[PDB]
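This document opens with one chain alone, in structure tokens, the form deposited without ligand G3H.
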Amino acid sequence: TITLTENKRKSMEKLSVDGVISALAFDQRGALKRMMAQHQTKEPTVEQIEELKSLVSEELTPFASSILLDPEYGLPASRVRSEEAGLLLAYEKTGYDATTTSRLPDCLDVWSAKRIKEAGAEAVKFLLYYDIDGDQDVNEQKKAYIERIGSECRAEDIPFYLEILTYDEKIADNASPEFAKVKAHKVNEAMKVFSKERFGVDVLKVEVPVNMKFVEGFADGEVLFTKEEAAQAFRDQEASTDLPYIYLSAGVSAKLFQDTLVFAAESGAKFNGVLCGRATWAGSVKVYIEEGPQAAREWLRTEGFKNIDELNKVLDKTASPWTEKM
């Protein structure tokens, strides 16, 4: 897969530093209330969620290549980001119907790729839940949906970042040993599908192809995999796309994520960055409520910075430039 228009390339560059994506993300649009819900008794507010987002944006984007935000609540935050940091806006509705197994994708009702571009984004991000082994008609609908979005992004000449989260229709918990044994299959086969030209993806945002918590040396409990087997999953992942791809952090600590990046590189993965945030800013939330907005600012300038700086130093030794895939 080898194409970038002049504008898509300029946008990718705005999202990167020396071909590496070190992008700052937020978690959901409801998750933040709960981290706040620890105290007071209020749910406060639309006014305040937009604020902490603006504090995290303003203080930490100077050290990130870009920031990913939600349009429904993140636009104020997007306007206070560093001038040297690019912007991705999410296009999907969050969550899924737990009562069914289909997890069908659905774009935000009053958004379009055109509107995302008009709001100043350098990329459209869309999250798809995909079970390669799932219902074939469900997956046809999902493929059709991504084709439309890839087409929109082609027309608006804006990079398409497709996030894939894998699951199994018949496995309740994706942290389970049961899901771990098939994760490589789910992750890598999904990448093969959505690497096809017809879906118009510019960058894949994906899980590491193994639950490192069950790998020898990284596991606290039961061991399902040797380091050699885990490494093979990373090489298989590298072989599953020619597109740039970046890793999301899921279910692991900042330290284990960083150890995973080192292990990915060692194994032969040519990942081109990461898109994580929660670990980087999560601590600012309590401080925000125990000492106020100015103190959260202080947290971000010191602890927040230390977090993202640590990560960047790791990225500097492990990530590969996406320019090498062009």
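Just so we're on the same page, rigid core means the largest C-alpha set that superposes within 1.5 Å between forms. Heads up: residue numbers just count along the shown sequence, starting at 1.
One more form of this protein, deposited with ligand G3H bound, exists but is not displayed; see below.
- Heavy atoms of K286 never reach within 4.5 Å of ligand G3H in the deposited bound form, leaving it off the interface.
- The closest non-hydrogen atom of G95 lies within 4.5 Å of ligand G3H in the deposited bound form.
- Ligand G3H is not drawn, but in the deposited bound form it has no heavy atom within 4.5 Å of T45.
- In the deposited bound form, ligand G3H sits within 4.5 Å of a heavy atom belonging to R34.
- Partner contacts here mean any heavy atom within 4.5 Å of ligand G3H in the deposited bound form, and among 87-95, 185-193, 237-245, 213-221 they occur only in 87-95.
- Relative to the superposed core, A265 undergoes a C-alpha shift smaller than 2 Å between this form and the one not shown.
- Here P62 does not count as shifted, since its C-alpha moves by less than 2 Å between this form and the one not shown after the core is aligned.
- Here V274 does not count as shifted, since its C-alpha moves by less than 2 Å between this form and the one not shown after the core is aligned.
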